[PDB]
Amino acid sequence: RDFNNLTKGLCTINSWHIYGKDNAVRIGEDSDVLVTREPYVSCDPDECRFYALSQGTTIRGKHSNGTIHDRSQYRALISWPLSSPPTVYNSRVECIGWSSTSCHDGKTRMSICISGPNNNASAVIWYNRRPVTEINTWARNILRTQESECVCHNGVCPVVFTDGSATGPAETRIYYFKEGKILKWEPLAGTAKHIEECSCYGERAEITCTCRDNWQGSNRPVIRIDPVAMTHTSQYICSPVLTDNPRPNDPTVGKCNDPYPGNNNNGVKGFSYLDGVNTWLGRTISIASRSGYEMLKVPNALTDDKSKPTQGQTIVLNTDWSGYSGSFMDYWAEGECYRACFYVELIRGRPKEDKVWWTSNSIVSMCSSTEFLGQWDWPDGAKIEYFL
């Protein structure tokens, strides 16, 4: 009925509780589960759902062979009920393509999918399940977007896109949509040197995005957006607790306005919540590969270049595979504050598990608690040997 406004602050995050888990690869060993990757979670006013990019085959299907590849004509943004797996029979297609974002503005949902060949890709912006706007590639090098939910305020839903090199300067733009129409766009500003795969959340009329500098940085770039003024800025997380992957060992002092060097041309989508002393960072446990996952409480990470952990929680053990991670919240929940949430993609199959010819994932997701809760670890749980 009305556009949602970001009128609340974050709840105090004292730990993380289990929210959803689909066990998709376990279940899909003997049921019609679609192969996916690049999952996320997004809420409507009356339901929260899982989202991902399908590969247009089931996991036991012979067409699962080759699904390490990111971009084909067989991919689509799908959604399905929370903690169910993405099946052929329960998955709803939001739009067609191989990079996406989606968010609800309080009245209805906007979904964006990009498709095409590398040098001629286009975004289609859907609103109320109809296409409304299209945007052609501006740099002819894999036009691409967040791979997790966007955020709206009074109808304005900003979205970050990048077109251009993954290993050098690229052209990043912030589009401000309303009802699927372009109100404005701006080129990236501030000190972030490279942006991909922004993970965003909204509180007190400001949207914060934690992104991936694929080119040089092992610290994460941060974009902060004012959706009323339709302006933004950028920087890096100051903290020496480095949250990209792969990455060097953690130093004692980080960088606020430059990439922290030591690994080039690689990364992973990740997130954080940056809320002064209530600041929590996610990362892989391994510095070398996408294994394990942990949350660290790092007070003032955004602004304090010597900030270190005061608390933490293990989400996935370093002996289990992780993957992309991102933020979402239920903006329509009851109460006085928005409860921080996140997901972690649990990648299985190639390239790390190459006895199978496929790559897919399952999902785990948590939300914050004001209690100090006991921790478990949450692995995918499938046995690869069963698929041989």
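The first residue of the sequence shown is number 1, and the count goes up from there.
Stretches 260-268 and 139-147 differ in mean C-alpha B factor, with the higher average recorded for 260-268. Here the stretch with the larger average CA B-factor, out of 93-101 and 223-231, is 223-231. The PDB entry assigns its highest CA temperature factor, among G323, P39, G56, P351, to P351. Of the candidates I114, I78, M110, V253, the PDB record gives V253 the highest C-alpha temperature factor.
Sort the chain's modelled residues by C-alpha temperature factor and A333 lands in the middle third, per the entry. The PDB entry assigns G374 a C-alpha temperature factor belonging to the highest third of its chain's modelled residues.
Annotation for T319: C-alpha temperature factor in the highest third relative to the rest of the modelled chain, per the entry. In the PDB entry, a CA B factor belonging to the highest third of its chain's modelled residues is recorded for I174.
Among all modelled residues in this chain, the alpha-carbon of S199 has a temperature factor (C-alpha) in the lowest third.
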